[PDB]
Amino acid sequence: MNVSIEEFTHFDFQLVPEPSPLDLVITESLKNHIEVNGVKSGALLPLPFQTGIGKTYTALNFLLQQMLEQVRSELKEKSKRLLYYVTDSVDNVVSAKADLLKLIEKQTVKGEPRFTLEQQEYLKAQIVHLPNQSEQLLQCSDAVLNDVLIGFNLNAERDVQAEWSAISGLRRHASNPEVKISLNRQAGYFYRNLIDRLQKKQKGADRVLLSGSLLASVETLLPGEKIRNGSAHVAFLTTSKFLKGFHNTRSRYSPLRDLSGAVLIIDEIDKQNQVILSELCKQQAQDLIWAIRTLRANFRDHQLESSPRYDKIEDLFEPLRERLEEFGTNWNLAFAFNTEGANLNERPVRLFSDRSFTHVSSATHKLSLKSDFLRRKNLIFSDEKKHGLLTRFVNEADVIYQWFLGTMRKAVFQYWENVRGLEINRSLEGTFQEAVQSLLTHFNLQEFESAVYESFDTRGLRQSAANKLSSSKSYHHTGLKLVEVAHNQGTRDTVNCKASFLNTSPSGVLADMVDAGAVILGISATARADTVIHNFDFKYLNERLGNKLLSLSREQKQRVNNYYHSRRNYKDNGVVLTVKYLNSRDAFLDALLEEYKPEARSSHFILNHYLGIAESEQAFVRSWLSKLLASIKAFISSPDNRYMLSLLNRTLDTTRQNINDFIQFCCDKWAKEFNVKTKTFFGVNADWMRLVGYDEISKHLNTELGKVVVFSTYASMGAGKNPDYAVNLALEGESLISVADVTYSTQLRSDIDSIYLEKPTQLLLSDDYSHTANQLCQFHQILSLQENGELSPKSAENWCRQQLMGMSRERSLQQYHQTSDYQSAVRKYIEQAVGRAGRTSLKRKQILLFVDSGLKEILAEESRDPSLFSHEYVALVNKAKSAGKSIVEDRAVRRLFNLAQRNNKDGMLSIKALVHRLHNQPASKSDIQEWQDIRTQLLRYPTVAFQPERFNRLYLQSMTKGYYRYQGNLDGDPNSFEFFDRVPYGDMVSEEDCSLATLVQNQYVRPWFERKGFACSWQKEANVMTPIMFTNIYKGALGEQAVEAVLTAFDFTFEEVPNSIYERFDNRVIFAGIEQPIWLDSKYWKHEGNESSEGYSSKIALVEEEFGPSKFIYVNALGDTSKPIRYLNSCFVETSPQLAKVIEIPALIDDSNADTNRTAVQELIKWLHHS
Amino acid sequence: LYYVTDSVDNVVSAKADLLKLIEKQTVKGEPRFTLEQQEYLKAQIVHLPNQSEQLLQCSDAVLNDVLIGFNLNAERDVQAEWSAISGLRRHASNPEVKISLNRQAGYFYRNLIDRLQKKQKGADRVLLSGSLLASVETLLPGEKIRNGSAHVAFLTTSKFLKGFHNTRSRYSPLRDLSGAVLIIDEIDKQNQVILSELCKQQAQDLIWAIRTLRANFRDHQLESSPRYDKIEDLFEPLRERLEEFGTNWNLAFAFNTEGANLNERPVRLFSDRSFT
Amino acid sequence: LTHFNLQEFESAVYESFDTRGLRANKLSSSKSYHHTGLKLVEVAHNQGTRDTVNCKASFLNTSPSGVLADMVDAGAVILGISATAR
Amino acid sequence: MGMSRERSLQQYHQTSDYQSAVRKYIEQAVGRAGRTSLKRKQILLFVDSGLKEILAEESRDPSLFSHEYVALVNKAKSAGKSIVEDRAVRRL
DNA sequence: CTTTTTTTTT
DNA sequence: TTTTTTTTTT
Ligand SMILES: Nc1ncnc2c1ncn2[C@@H]1O[C@H](COP(=O)(O)OP(=O)(O)OP(O)(O)=S)[C@@H](O)[C@H]1O
Ligand SMILES: [Mg+2]
């Protein structure tokens, strides 16, 4: 029945249901965001309220109001606004879709249904659900497939009909449960093939016309075709499906490329952190040697067409072409690569790079790389003792590869700009595939076609342009890299460098999603958990998004708290939560095992033989099983409780059926002991929940009389399930009591009445996809813990080194158990799991909570504001705290110590790399500007009031307000630095040792400092410079500026130093029309210059060779004015003034009274006249 | 020694006829071969069917022995695939199930042999003997040829042109034909079979291939080791030809058409390469 | 192929060896269709782009009789059994 | 240009290659009744009549044929001889 | 105007 | 020394 919008004309769009406080929480924040940041701006709104308060019901009412607003827009009149509902589990997707359909059906306004049957049918026609391809194929009938095959003329093909006949035959005898497996696999492969040929047919000139039955059948087979043609604009799907996209008749639609204006509702947003991570680690490794040799070979000559379509694109690739020419010249890319020597063949070389300051190599010795022109080979060898290291080559090749992928993204966007004007309503995603194909075909780089596509998929969300001390630096938009250097397959004389990259973290992906223009509603009670492993980094998201990260006011949070406490009034309704912490108590499991099999020798024999548990793992099974039994008995002993849920870490499916039999035996015994009927539901997982619905449990409690025990896990029943059941008053005595103060629900429902919470175990994420994926996931978690501040840079480097050498998973878990991130993840899991018993307002008078005693200390360490917790979590925390006493340790000061060490180490490594790039002549403009920007910034802002977002790595947060203490070798190990209170007799970073006030009392320095805008005082701001920037940059700029100011008053002219002699001397001096060039090397004060006459004489030799004879000035800005002015030759030997090429001045401004050394300047001027 | 014919039925009938000849051949009223001689001679003959048929005739004990002996059990999807295959085996219904079982048996056999070979080529080479050797020789009949246990093969022309598998790689019998004896039965019908294999070759984009050859032969060099002796002199004329062709035809640019009768239908050219 | 950076021809090299693991057009050599073959080239627009073409070429480098003669030249002794062998 | 399979088959039917292929298939198929030395006293062969003219043009040496194929040829040839062009002169 | 089945890997 | 399940394409 074709439903139009003509039946919504008489609909009254201004009559809306009563807005709850949660509805005003979403609406007021979104209307303020629109009225402030603009209509086209994206936003991220986390909603971290109590479990079971009504956040998903409010998100589905918000989705229904968006659908009604869109219908009104089409009535008044454009393309459809896309609404997505995303969560990590399939069960929550289908439950939310059925809840929205129930909302449309059963919503009544003032005693009458809101929507007529035709309005309901249209609204339901606007919602789609996008499952995996096996579920999409298996859920549509044989008539639909035969209609599609006939309409598209595909039964003529032989392979297609053979595969479809096999599918229909296998699915006919689908009663057996092992046919269902290997039917999903073939359904997915057939769906791939059929959609590939359907799209190939639909893209050519022989494009079929779709209407009537063929259209309805292809919209049934391809739900994304409904979205493509504008029939639907609401989609329900999982996070992994959202990250992979779906299919329409034309191509595969990626929602991440078309997020401008979309609305995303991400339920349990924190658990999506790991899901996105699991996708980022699935990327394919690339051979960097082949990739760079191919890029260099195909960029020598190939040219784009001179067409208006390719306007402005050829200028994007010119810098990459010059870079490739110089890289291939420097590293001799005409030859291939092989290793040389011993110990390089037993195990391949593995290299790990943070890409900023963490570099770990598996080689014992630093590996070099030399070119043998006689052998025509590049040899990776180990030396016996510059620009010949393997790490340098690998880092530059990774930079060039990422530069190529970034310039491909820029050229695709420029192509879309040119073709929009040439084609004069085609989207950036519509033309993306044509742009990539045309560019790669023109450059003969079609082998990168896959690499470019996945590049758009992940960090392709990055419309970027960076790893400079002038940008905002973070691990989350930088990533990591793991390179394996091993021999090629088959060959025994060449090696490859297989590199795996993470170009962004999940928090980077979310931030780029908000920057794309999406409005994202993050719904979870743990949306602001203080972990970076099991949640996003919200300190990074706050710093990056700014005011696009919408916040809720104190009044709104008070209204929500009043809303929650007015519907969950436990204290006034006589409801008691009884918490019990259970130990192993093995003296009871031994008796239970004895009564299970009286004929056996002892319980060790029963466990080893009857239950099938090995001797090594018996003790663990002895501890977790007995705790479970101690909870079951206490539930059975309770006369009034009916519903129990036991959340474990492992599924009790048929694989552990022997243990299930033991558990079933024990339950039957207790059923006999108390004369209560009990039913146990084993193996309640995702597959069970899709095959056998959870309503069966709800059916049992509705009809049968007795108790029910459910055995599920955290991974299946811990985040968003509503496990309530319909209440039959005849099956419940005087036990249920309503705890809300004004009834708010139709139908009587009650929730879980007893719960057993095991301690979550495998809290450090893993990846079973491959070995590379698990390596990337482990290095991502170490770098996230170092970037947040939970790990010292020394401990993070030691953990990255043990990870590169192949540490065991138990050692990793032991290292992660030592952080506070682990405790915040444990409390997050406990709070979410305990929130499954708080869904309804019909409560039992007593609710039994049985908790693993291994959680007792952890729950005792909870110290957040208790104004946001649920009642059960407050009961758990109060019980744990009242049980004993714990020593509370501070977490912000350890983070400040770690982040001071981190910032100092990053500044050290970046400064050394930048100076090394400066010393390699010629020096590019970018490096010169970067050096000047650092010196300018540190001169203008030695301290900053707020946390910087441009030079963040130049500053650290200090305990004190304008100074701090430190200890460390500034030319040694950056991992051995100490700060603040750990060193009470260390050095200082302040104004007192600067002598800045002493320096600026000079009559000529002060006007220069005032004109330039340089600070003459250190503002007492908590963000102060790092010791590296204090000593190697700031004081050098202070001395150079003071010397230049003093000399410029004496008619001295200064020029920029040529790029080939940069960083060698401060400035170039021209005075009194002297044709002899003068070179200036200015220092702040005397200190200690370790450069002996060797390095200085080498510098003089280099400058004299470049520019002939010249004079030199070795001047110190500050010092004693009574000291003599000395004359030295190029060999630093004292001689007569007339035969000395270098004159050294001890000082230019006095330090004891701040008086300019006029005599020394006069003598220098006179000697210059003599020169 | 190879026995080749077009049809599978003639292969199995000729193998059973040779085995019957070994069994009941007589010389002057007494059997020619004792039972142990007969068992040795029969052990020298193998039959190489398609991969789905090779896998579907291996019992569950043989395949679990192979998976255990190569540490292939704990490798995720492989066990997922194998668990599915054995399930389809147990409930083999009417041919509706059987077409699917054959397709998945062939795909699983290809994957399993690919990983067995990549394991045998690396430094973690498993030692094969006893039960493990007998099981892998049952799963891979060409492993018997590679070892030297057997030297008589019965197979079809399609299998002979495709080759078979051992633990190391895929053995192509056409590359090692020196000194072999081939018995091709119904040789005339093999004319069409070989033809149907020659037409299966994959098309090549000539513009991409020549632009790649020109880009990569410009500067890249072989090593100056003894193992590459006088190989670069084989490629020098091809490099000079490539540089001259690229200069003449302006291979720095890409190619496009223009005008009528060129867009509506693609252009097809046929060449005998001599005069047609 | 690794030394020349032409690993994208690896499949092409393997199949060519498959067809020609047993081994000119000059009026001075023996000429025949059975050792030279034929070629069919299709010139069409590249898939996805509207401004470049490709020349997809399919070759037959030998006939079945050329394959059989190459087999005998490689050193195989072949017994051809059929009533219609000639 | 894209001719139809029936137009290829029409063009191939005009060659003597087609007739040697037809007679090769017939002789091989008829050779399936000559496997043993225990024979029925009468053997019945029923051949499509649209084959008789083809079988009428056998000209090879009959010393290599089987008995059933010799009888098939003699029966088709019983209508006599039809004028045909020498294959060697046209091949020349 | 002519009028299909066959093997193998995928 | 710690002690798993989940989604999607292939
Ligand atoms: N008028 C109503 N207002 C609020 N909730 C309602 C209302 N009517 C029914 N509900 C149900 O109230 C229960 C509360 O569950 P949700 O609203 O799904 O929970 P939640 O607050 O989102 O907690 P999460 O998702 O587990 S962290 C659900 O069963 C809702 O479907
Ligand atoms: Mg929810």
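Throughout, protein chains are lettered first and strands after them, A, B, ... in sequence-line order, and every chain is numbered starting at 1.
Between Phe164(B) and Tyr171(B), the angle of the ring planes lies from 30° to 60°, which puts this pair in the tilted group.
Counting to the nearest Å, the P atom of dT2(E) and the CE atom of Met3(D) are 12 Å from each other.
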Passes side chain to side chain donor-acceptor pair (under 3.5 Å), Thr157(B) versus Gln190(B)? Steps please. CA-CA 7 Å; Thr157(B) 310; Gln190(B) 318 305 320; 2.3 Å; yes
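Taking the charged nitrogens against the carboxylate oxygens, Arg76(B) and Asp768(A) have no contact shorter than 4.0 Å, which rules out a salt bridge. Taking 4.0 Å as the cut-off between side-chain N and carboxylate O, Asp188(B) and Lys24(D) count as a salt-bridged pair. Taking 4.0 Å as the cut-off between side-chain N and carboxylate O, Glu279(A) and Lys282(A) count as a salt-bridged pair.
By the rule that a glycosidic angle within 90° of 0 means syn, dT2(E) counts as syn. With a glycosidic angle more than 90° from 0, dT5(E) adopts the anti conformation.
Sugar puckers are classed by the sign of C1'-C2'-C3'-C4'; that of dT4(F) comes out south, on the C2'-endo side.
Counted by atom type alone, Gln274(A) and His534(A) present zero donor-acceptor pairs between their side chains at under 3.5 Å.
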Determine, for nucleotides 4-10 of chain F in 5'-to-3' order, which nucleotides have protein heavy atoms under 4.0 Å from the base (write B), from only the sugar-phosphate (write S), or from neither (write -). BBBSBSB
